[PDB]
Structure formats: structure tokens, C-alpha cells
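# here's my sequence, what's the structure:
(one chain, ligands or ions: 1)
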Amino acid sequence: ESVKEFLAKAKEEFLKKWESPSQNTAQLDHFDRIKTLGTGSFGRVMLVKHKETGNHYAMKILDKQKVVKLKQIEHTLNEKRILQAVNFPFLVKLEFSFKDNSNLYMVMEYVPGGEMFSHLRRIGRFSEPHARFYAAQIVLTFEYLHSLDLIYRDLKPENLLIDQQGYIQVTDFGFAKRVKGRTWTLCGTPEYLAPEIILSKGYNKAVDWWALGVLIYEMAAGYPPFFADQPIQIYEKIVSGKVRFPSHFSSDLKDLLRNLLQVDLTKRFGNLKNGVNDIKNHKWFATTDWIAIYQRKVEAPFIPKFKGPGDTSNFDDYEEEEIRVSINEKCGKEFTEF
Ligand SMILES: NC(=O)c1ccc(C(F)(F)F)cc1
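Numbers count the residues shown, from 1 in each chain. Here you go, the structure:
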């Protein structure tokens with residue numbers, strides 16, 4: 001009943017914000033631009049500082065015209081509407097959003113510890129206790145998101161930031177969607193795609209649990225289970241039903257992974273009648289105190305090294321490009337609700 005009433009309140013609070021989303025809660029000239037932290041085909045993320053409060057934030061800037069060209073309108077609308085409505089210890093918080101003639105802006109908490117991707121590549125692989133600590137946070141986060149009828153659809157090490165306490169904060173809801181039943185969009189990163197996405201089926205929250213299997217494998221081995229030079233070759237391996245495990249994997253880890261990396265979605269852990277409890281009660285998680293993790297009372301495997309809230313040393317270097325705002329409004333109608 002403890003978990004039931006927690007998720008009931010979580011859904012109540014989500015739905016209230018979902019039905020009446022916040023809009024236009026800051027503007028660009030409230031901030032100073034510090035550094036570009038990441039950059040993609042239709043957007044980038046910049047470290048900014050609020051000029052009145054002095055607080056740092058990570059500002060995600062999406063070019064409206066590129067979003068339209070790359071067919072991400074609904075996706076960017078999803079991202080902001082979901083982010084302004086959710087609330088969970090392991091999700092990066094949205095602080096402000098707004099738009100102008102050219103761009104959409106999402107101003108979120110800055111997490112100076114960097115991406116799990118960087119730390120995993122630096123150290124090679126995480127021990128199983130270390131992987132398990134991160135994995136438990138993803139399990140709780142998906143339990144929360146799925147109870148809200150949300151699918152995340154972009155789990156990968158680059159999207160998991162490590163905060164000042166060594167805990168996970170999930171960033172980038174660009175593919176997140178509220179889904180009752182099934183959904184159909186081809187999206188994600190090739191290494192993490194579930195078989196039913198590759199095969200163009202109507203799919204559901206089970207694709208997140210598949211991706212957790214990929215993530216756990218990659219954290220514990222140092223490389224993902226399905227690897228190749230071309231995506232087509234990655235896809236052949238994903239749909240094949242075959243996965244090889246390093247000998248150093250524990251038997252418990254291999255057993256959990258076989259049940260998360262189950263190509264038949266109707267037999268995949270997290271998509272059975274017991275839902276998330278098949279994962280939470282698995283022997284590989286026997287040492288996990290789920291409440292202590294939620295409450296952030298467990299000592300973390302490591303604390304990122306950084307000097308303060310404005311330190312960018314854990315992120316990498318990108319060409320610094322203008323934030324140009326056109327004199328004329330672009331795509332006003334498409335992004336009315338933003
Ligand atoms: N919320 C953050 O602190 C954050 C930092 C960096 C990125 C990156 F995508 F650019 F890497 C995204 C988000």
C-alpha cells in the first residue's frame with residue numbers, strides 16, 4: 001500500500017501540471033551565456049548564469065526551423081510538457097521555459113558532474129555494486145515514469161548525469177511521450193533500440209526495460225551488448241535473440257540481463273504481470289535498499305570532481321556559435337502551446 005499511495009499522489013500531482021502547463025516563465029536576456037556544453041542537429045545546451053540570482057542553469061536551445069525540418073515538433077512539445085509536470089529525485093528539474101522568434105528554451109538545473117558516459121569511458125567499466133547503484137535509480141525512475149503513462153525512450157549513458165552527491169539525474173526528454181497503449185515512432189539510439197522498435201511494431205513501456213538491460217550490460221562490461229560499425233549490423237544482432245556475456249559477469253547479472261534483453265516483449269521483465277517487482281525482487285538487486293536509494297541515504301560509488309556550481313571541466317569543448325534571434329517570428333503556429 002506504501003508504494004500504491006506514493007504513486008497515486010505522484011500521478012495526481014503530474015496530471016495537475018500536465019493539464020495546465022506553465023509557459024513563458026523567463027526570457028533570454030535574464031541570463032548570461034557561459035559555455036556550450038553539447039550540440040546536436042536541431043539544438044544545443046549551454047551553461048548560463050541568471051543575472052539577478054547568480055544561479056547557474058543548463059539552457060537547452062532548440063532551433064524552431066530545424067525542429068520542423070527534422071520532424072521533431074511533437075517531440076519538442078512532449079519534452080517541455082512532460083518536464084514541467086514531473087518531479088522525481090533522479091530527474092533533472094526544469095526551472096524555466098520560454099520561446100522567441102527563433103528558438104525554444106528549456107532552462108534546467110545544471111549538473112556539474114558530467115555524463116555517466118564520460119566517467120564510464122574514463123574508468124573502463126563499473127563494478128557490479130557500482131552499476132547496481134545507478135541501475136536501481138533507473139528502476140525507480142521508470143517505475144515513476146511508467147505509472148504516469150510516460151515512456152522515456154532515450155536511455156543511454158550520455159543522458160545520465162552524475163550530481164554532486166554521486167547520484168543520477170536523467171537529462172533529455174526529447175523522445176519522452178505520454179502513451180496509453182502503444183506508440184509507433186522510430187526513435188532512440190541504435191545500440192539501445194528494442195527489437196520491436198527495429199521491426200516497426202506498435203510498442204510500449206517494455207522498450208525502456210530492454211534499454212535498461214543494455215545500459216546495465218554496458219556499465220558492467222564497458223561496451224554495449226550489440227555493437228557494429230553500421231546500424232543495420234547492430235539491428236541484426238538485436239533481433240537475433242543471442243547475447244554473449246563476459247566471464248566476469250556474475251551469474252545473477254547474466255540471469256537478470258537475459259530477462260531484460262528478452263526479444264519477446266511479452267516475456268520481458270518489467271512487462272509481466274508483476275511489473276517492476278520482477279526486477280526489484282531479482283537476486284541481482286538483493287543488497288539494494290530501494291527506500292534508502294530513493295531517499296538518497298546510500299553513499300555513492302564516487303563523487304565527481306568539480307570546483308563549484310559553474311565548473312564545466314566535466315563537459316567537453318564545442319565551437320561557440322551565436323544565439324541568433326530573427327527579427328521575424330518563425331513557426332509561430334506549430335509551437336503555440338510551448
Ligand atoms: N542539465 C545539465 O546540466 C546538462 C548538461 C549538459 C548537457 C549536454 F547535453 F549538453 F551534455 C545536458 C544537460
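# buried residues, the longest helix seen in the chain. List them.
Selection of the longest helix in the chain by residue count, based on DSSP state H, yields helix 128-147. Residues of helix 128-147 classed as buried under the neighbour-count rule (16 or more other Cβ atoms under 10 Å) are 128, 130-147. Every C-beta, even on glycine, is put in place using the N, C-alpha and C of the backbone.
# does residue 257 sit in a helix, a strand or a coil?
helix (DSSP: H, G, I helix; E, B strand; the rest coil).
# after the longest helix of the chain, which helix or strand is next?
Note on helix 128-147: by DSSP states H and E, the next helix or strand toward the C-terminus is strand 150-151.
# and the contacts of that next one?
Identification of contacts with strand 150-151 by Cβ atoms under 8 Å, 6 or more residues apart in numbering yields 82, 86, 145, 176, 177, 178, 179, 183, 204, 205, 207, 208.
# tell me which of these fall in helices.
Here DSSP H is the test, and the contacts of strand 150-151 give 82, 145, 207, 208 as lying in helices.
# now the second one, nearest residue through space, not along the chain?
What it means is residue 145. Setting aside the residues directly before and after it, residue 145 is nearest to residue 152 in space (Cβ to Cβ, 6 or more residues apart in numbering), at 5.7 Å.
# surely that neighbour touches residue 143?
No. Residue 152 is not in contact with residue 143 according to Cβ atoms under 8 Å; the separation is 11.7 Å.
# does the residue in the chain that the ligand sits nearest to sit in a helix or strand, and which one?
Sorted by distance to the ligand under Cβ to the nearest ligand atom, the residues of the chain start with residue 38, at 2.2 Å. Secondary-structure assignment from DSSP H and E places residue 38 in strand 31-39.
# elements contacting the longest helix of the chain?
Packed against helix 128-147, as judged by 3 or more Cβ pairs under 8 Å, 6 or more residues apart in numbering; DSSP states H and E, are the following elements: helix 2-19, strand 168-170, helix 206-221, helix 290-294.
# which of the residues in the last one are buried?
Read it as helix 290-294. Using 16+ other Cβ under 10 Å as the burial criterion, the residues of helix 290-294 that qualify are 293, 294.
# quick one on the thing from earlier: partner strands of the strand holding residue 38 and their direction?
strand 43-50 (antiparallel) (DSSP bridges).
# ok so, going back, dig out what the residue of the chain closest to the ligand forms beta bridges with.
residue 45.
# what's the neighbour count on it?
Look at residue 38: counted by other Cβ atoms under 10 Å, it has 17 neighbours.
# and residue 255, by the same measure?
By the criterion of other Cβ under 10 Å, residue 255 has 14 neighbours.
# surely it and residue 284 touch.
Yes. Contact criterion Cβ under 8 Å: residue 255 and residue 284 qualify, at 7.3 Å.
# so what's the residue count around residue 245?
Residue 245 is flanked by 16 other residues according to other Cβ under 10 Å.
# so how far is residue 281 from it?
22 Å (Cβ to Cβ, to the nearest Å).
# do the same with residue 128
When Cβ to Cβ is the yardstick, residue 128 and residue 281 sit 17 Å from each other.
# how about residue 223?
Noted for residue 223: a distance of 28 Å to residue 281, by Cβ to Cβ.
# kindly report the same for residue 166.
To residue 281, residue 166 is 25 Å away according to Cβ to Cβ.
# now do residue 40
Taking Cβ to Cβ as the criterion, residue 40 is separated from residue 281 by 38 Å.
# ok now do residue 72, which residues does it touch?
Neighbour list for residue 72: 42, 174 [criterion: Cβ under 8 Å, 6+ apart].
# and if you look at residue 173?
78, 79, 82, 83, 152, 154.
# which bits of the stretch 201-338 of the chain sit near the ligand?
The interface of the stretch 201-338 of the chain toward the ligand, taken as Cβ under 6 Å from any ligand atom, is made up of residue 315.
# try the stretch 51-200 of the chain
Counting by Cβ under 6 Å from any ligand atom, the stretch 51-200 of the chain sits next to the ligand at 58, 92, 108, 109, 110, 111, 161, 171.
# which of those sits closest to residue 4?
Of all these, residue 92 has the smallest distance to residue 4: 26.8 Å, by Cβ to Cβ.
# mind listing what that closest one touches?
For residue 92, the contacting residues are 58, 108, 109, 111, 161, 169, 170, 171, by Cβ under 8 Å, 6+ apart.
# same thing but at 10 Å, please
When contacts are counted by Cβ atoms under 10 Å, 6 or more residues apart in numbering, residue 92 touches 58, 83, 86, 106, 108-111, 159-161, 163, 168-173.
# now residue 235
If a contact means Cβ under 10 Å, 6+ apart, then residue 235 has 190, 193, 195, 197, 198, 199, 226, 228 as its contacts.
# please apply the same query to residue 326.
Contacts of residue 326 were listed using Cβ under 10 Å, 6+ apart, and they are 64, 65, 100, 101, 102, 103.
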